[PDB]
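Take a look at the structure below.
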Amino acid sequence: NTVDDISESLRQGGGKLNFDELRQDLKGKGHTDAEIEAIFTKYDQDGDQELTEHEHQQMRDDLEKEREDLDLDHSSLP
């Protein structure tokens, strides 16, 4: 719960997806309001329509790649 398995948000993308489909699911995962807001907000620019494949897959790859690089520091030093 504390670690917040974001992998759940990334898994979603079954063509038809909107702030409700993901948020309602994430709520059960014990996710935080700030995280939930940020996650949908980033993948959903105007959160008014359904998220297609290209938009959803593009960000997903970009976010996954950033999550690793962000964690995996360049070196032990600051």
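Think of each number as a place in line: the chain as shown, counted from 1.
Just so you know, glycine gets a Cβ as well, placed from its N, Cα and C.
Residues annotated as Ca(2+) 2 binding site in Swiss-Prot: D44, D46, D48, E50, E55. According to Swiss-Prot, the compositional bias 'Basic and acidic residues' annotation covers 51-76. If you look up Swiss-Prot, you'll see 31-66 marked as domain 'EF-hand'.
Where Swiss-Prot records a feature, it is marked here on the structure.
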residue: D44; record: Ca(2+) 2 binding site; Cβ contacts under 8 Å, 6 or more apart: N18, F19, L51
residue: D46; record: Ca(2+) 2 binding site; Cβ contacts under 8 Å, 6 or more apart: none
residue: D48; record: Ca(2+) 2 binding site; Cβ contacts under 8 Å, 6 or more apart: none
residue: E50; record: Ca(2+) 2 binding site; Cβ contacts under 8 Å, 6 or more apart: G15, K16, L17, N18
residue: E55; record: Ca(2+) 2 binding site; Cβ contacts under 8 Å, 6 or more apart: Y43
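Other than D44, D46, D48, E50, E55, the residues of this chain whose Cβ falls within 8 Å of the Cβ centroid of the Ca(2+) 2 site are, in sequence order, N18, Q45, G47, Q49, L51. According to DSSP, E55 (Ca(2+) 2 binding site) sits within a helical segment.
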